[PDB]
Amino acid sequence: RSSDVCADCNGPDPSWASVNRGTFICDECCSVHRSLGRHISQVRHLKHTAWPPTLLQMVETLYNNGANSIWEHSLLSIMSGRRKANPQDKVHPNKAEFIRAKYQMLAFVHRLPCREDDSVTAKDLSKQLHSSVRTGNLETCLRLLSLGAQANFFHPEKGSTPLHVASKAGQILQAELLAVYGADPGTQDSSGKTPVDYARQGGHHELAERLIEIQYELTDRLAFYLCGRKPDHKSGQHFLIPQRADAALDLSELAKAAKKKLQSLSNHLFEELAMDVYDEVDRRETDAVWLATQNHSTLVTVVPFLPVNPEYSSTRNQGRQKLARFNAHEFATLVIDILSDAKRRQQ
Amino acid sequence: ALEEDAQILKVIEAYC
Ligand SMILES: [Zn+2]
């Protein structure tokens with residue numbers, strides 16, 4: 001029912017999804033989404049590539065069961081200065097101002113997400129999630145999370161994360177939603193076991209296979225960006241180091257120096273760098289899907305580098321945007337060295 | 001954060 005229309009303008013027949021928001025949107029509204037940055041909206045075209053079946057099932061289930069009502073709660077007190085956009089509204093400023101108010105400013109939500117320093121409310125909301133996830137209500141879970149529930153939260157008394165619970169219950173859409181808000185399939189409970197483990201123990205094998213795909217999402221995406229293939233996780237090899245183009249020539253001295261510098265980063269900083277490279281990959285990839293889906297009109301009429309994430313420093317953001325300066329060969333070199341060392345660091 | 005971010009930024013500059 002809800003799938004027929006854009007969540008942001010009511011425009012018919014939408015082509016993109018905002019995965020973290022569980023909404024389908026049209027092209028125009030997407031073009032504004034892409035400018036907000038992944039920390040606000042994570043965009044993916046619905047028909048251009050195959051999705052993991054259960055990731056798309058999750059987004060479409062969420063949107064058909066009141067996801068948009070969390071984000072538009074205030075509207076549902078109706079005033080003349082706060083009006084939802086209509087399909088024929090100009091992208092600038094009509095649709096844009098609305099979308100930024102919907103998702104960036106969180107203008108229409110029932111209650112804003114608690115401040116990060118709010119330990120007691122964060123804990124309460126998080127214990128609700130860690131219970132709620134056992135059942136199959138995705139709307140409650142998105143609601144809790146929007147309020148500031150933490151998906152990788154560790155229950156001090158029960159000894160487990162929401163992802164453990166969903167996994168032992170076979171709640172795969174829940175697992176999927178939680179992983180979007182960065183739940184970790186590799187986190188051990190107090191008894192030393194991963195959500196992957198609870199899945200297999202429960203006889204939920206596709207979910208187990210899916211959790212492992214989620215574990216390796218970052219490196220899988222980097223490998224695909226250069227090969228058009230991903231590791232075969234059922235085979236047991238979990239990485240895929242693409243070959244460099246200059247493979248017939250000896251490695252140059254600055255290339256060796258660059259990689260030395262990269263290996264020098266602590267695991268924590270390295271994983272931060274890889275998220276950055278992940279984001280740029282996702283940008284360069286979406287750029288091409290954009291040009292492949294858009295009509296000649298819309299294009300010949302966003303941003304040429306990663307959007308600013310306000311929760312990052314000006315330095316972090318500068319490095320992230322510096323990634324757009326990389327030419328194909330430079331970028332491929334960074335991606336290959338990040339892949340071969342993600343592997344090094346895990347053995 | 002800044003001491004962490006500055007390490008990342010210098011790795012990135014090494015690849016460009
Ligand atoms: Zn729209």
# chains A, B, ... in the order shown; residues from 1 in each chain; ligands from 1

$ interface_residues --of "chain B" --to "chain A" --cutoff "6 Å" --atoms "only C-alpha atoms" --output "list in words"
residues 5, 9, 11, 14 and 15 of chain B

$ residues_near_ligand --ligand "ligand 1" --cutoff "12 Å" --atoms "only C-alpha atoms and all ligand atoms" --output "ChimeraX atom specification"
/A:4-18,23-33,84-91,94-96,98-99

$ write_last_selection --atoms "C-alpha atoms" --output "PDB file, in the first residue's frame"
ATOM      1  CA  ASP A   4       3.164   3.117  -4.306  1.00  0.00           C
ATOM      2  CA  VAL A   5       4.222   6.584  -3.221  1.00  0.00           C
ATOM      3  CA  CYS A   6       7.184   8.699  -2.272  1.00  0.00           C
ATOM      4  CA  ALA A   7       7.419   9.098   1.510  1.00  0.00           C
ATOM      5  CA  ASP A   8       8.430  12.735   1.064  1.00  0.00           C
ATOM      6  CA  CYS A   9       6.184  14.120  -1.643  1.00  0.00           C
ATOM      7  CA  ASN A  10       3.576  11.497  -2.277  1.00  0.00           C
ATOM      8  CA  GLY A  11       4.861  11.158  -5.778  1.00  0.00           C
ATOM      9  CA  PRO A  12       3.971   7.993  -7.569  1.00  0.00           C
ATOM     10  CA  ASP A  13       6.078   4.987  -8.240  1.00  0.00           C
ATOM     11  CA  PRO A  14       9.300   5.522  -6.238  1.00  0.00           C
ATOM     12  CA  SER A  15      12.707   4.150  -7.169  1.00  0.00           C
ATOM     13  CA  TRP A  16      14.995   4.572  -4.175  1.00  0.00           C
ATOM     14  CA  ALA A  17      15.028   3.570  -0.551  1.00  0.00           C
ATOM     15  CA  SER A  18      16.329   5.326   2.537  1.00  0.00           C
ATOM     16  CA  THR A  23      11.086   4.776   3.372  1.00  0.00           C
ATOM     17  CA  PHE A  24      10.869   4.604  -0.434  1.00  0.00           C
ATOM     18  CA  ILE A  25      11.474   7.887  -2.209  1.00  0.00           C
ATOM     19  CA  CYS A  26      11.367   9.272  -5.754  1.00  0.00           C
ATOM     20  CA  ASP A  27      14.339  10.476  -7.810  1.00  0.00           C
ATOM     21  CA  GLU A  28      13.997  14.185  -7.021  1.00  0.00           C
ATOM     22  CA  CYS A  29      13.657  13.588  -3.299  1.00  0.00           C
ATOM     23  CA  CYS A  30      16.582  11.183  -3.511  1.00  0.00           C
ATOM     24  CA  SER A  31      18.800  13.846  -5.050  1.00  0.00           C
ATOM     25  CA  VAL A  32      18.237  15.823  -1.847  1.00  0.00           C
ATOM     26  CA  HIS A  33      18.884  12.685   0.248  1.00  0.00           C
ATOM     27  CA  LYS A  84       4.393  18.366   3.492  1.00  0.00           C
ATOM     28  CA  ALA A  85       5.599  18.692  -0.136  1.00  0.00           C
ATOM     29  CA  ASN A  86       3.420  17.686  -3.130  1.00  0.00           C
ATOM     30  CA  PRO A  87       4.643  15.846  -6.270  1.00  0.00           C
ATOM     31  CA  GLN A  88       4.684  18.946  -8.468  1.00  0.00           C
ATOM     32  CA  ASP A  89       6.513  21.113  -5.881  1.00  0.00           C
ATOM     33  CA  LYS A  90       9.870  22.573  -6.985  1.00  0.00           C
ATOM     34  CA  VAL A  91      12.896  20.602  -5.792  1.00  0.00           C
ATOM     35  CA  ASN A  94      10.056  23.376  -1.588  1.00  0.00           C
ATOM     36  CA  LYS A  95      10.936  19.683  -1.534  1.00  0.00           C
ATOM     37  CA  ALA A  96      14.443  20.342  -0.205  1.00  0.00           C
ATOM     38  CA  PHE A  98      10.863  19.832   3.715  1.00  0.00           C
ATOM     39  CA  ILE A  99      13.201  16.832   3.428  1.00  0.00           C
TER      40      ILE A  99
END

$ select_by_dssp --residues "range 205-289 of chain A" --states "helix (DSSP H, G or I)" --output "PyMOL selection string"
chain A and resi 205-215+217-227+233-235+253-263+267-289

$ residues_around --residues "residue 181 in chain A" --least-positions-apart "3" --cutoff "12 Å" --atoms "only C-alpha atoms" --output "list in words"
residues 19, 20, 21, 22, 38, 39, 40, 41, 42, 141, 142, 144, 145, 146, 148, 149, 150, 151, 152, 153, 162, 163, 174, 175, 176, 177, 178, 184 and 214 of chain A

$ write_last_selection --atoms "C-alpha atoms" --output "mmCIF file, in the first residue's frame"
data_model
loop_
_atom_site.group_PDB
_atom_site.id
_atom_site.type_symbol
_atom_site.label_atom_id
_atom_site.label_comp_id
_atom_site.auth_asym_id
_atom_site.auth_seq_id
_atom_site.Cartn_x
_atom_site.Cartn_y
_atom_site.Cartn_z
ATOM 1 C CA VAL A 19 17.449 2.169 4.335
ATOM 2 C CA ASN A 20 17.918 3.553 7.852
ATOM 3 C CA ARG A 21 14.560 5.385 7.634
ATOM 4 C CA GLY A 22 12.614 2.538 6.037
ATOM 5 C CA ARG A 38 24.903 8.759 4.823
ATOM 6 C CA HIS A 39 24.846 9.757 8.504
ATOM 7 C CA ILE A 40 21.389 11.170 7.835
ATOM 8 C CA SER A 41 20.130 8.999 4.984
ATOM 9 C CA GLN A 42 21.530 5.879 3.345
ATOM 10 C CA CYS A 141 12.314 -1.055 16.938
ATOM 11 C CA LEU A 142 12.749 1.785 14.491
ATOM 12 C CA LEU A 144 13.057 3.016 19.885
ATOM 13 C CA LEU A 145 16.192 3.564 17.760
ATOM 14 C CA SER A 146 14.982 6.952 16.549
ATOM 15 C CA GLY A 148 18.219 6.944 20.865
ATOM 16 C CA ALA A 149 18.169 3.231 21.665
ATOM 17 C CA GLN A 150 21.538 1.657 20.914
ATOM 18 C CA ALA A 151 21.649 -1.397 18.656
ATOM 19 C CA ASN A 152 25.039 -2.622 19.854
ATOM 20 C CA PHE A 153 23.970 -2.143 23.493
ATOM 21 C CA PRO A 162 19.724 -6.994 20.753
ATOM 22 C CA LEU A 163 21.361 -8.718 17.782
ATOM 23 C CA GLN A 174 15.032 -7.457 13.060
ATOM 24 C CA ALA A 175 18.617 -8.581 12.523
ATOM 25 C CA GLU A 176 18.620 -6.708 9.277
ATOM 26 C CA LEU A 177 17.259 -3.504 10.839
ATOM 27 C CA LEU A 178 19.726 -3.718 13.748
ATOM 28 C CA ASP A 184 27.881 -6.247 15.301
ATOM 29 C CA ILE A 214 26.799 -8.443 7.218
#
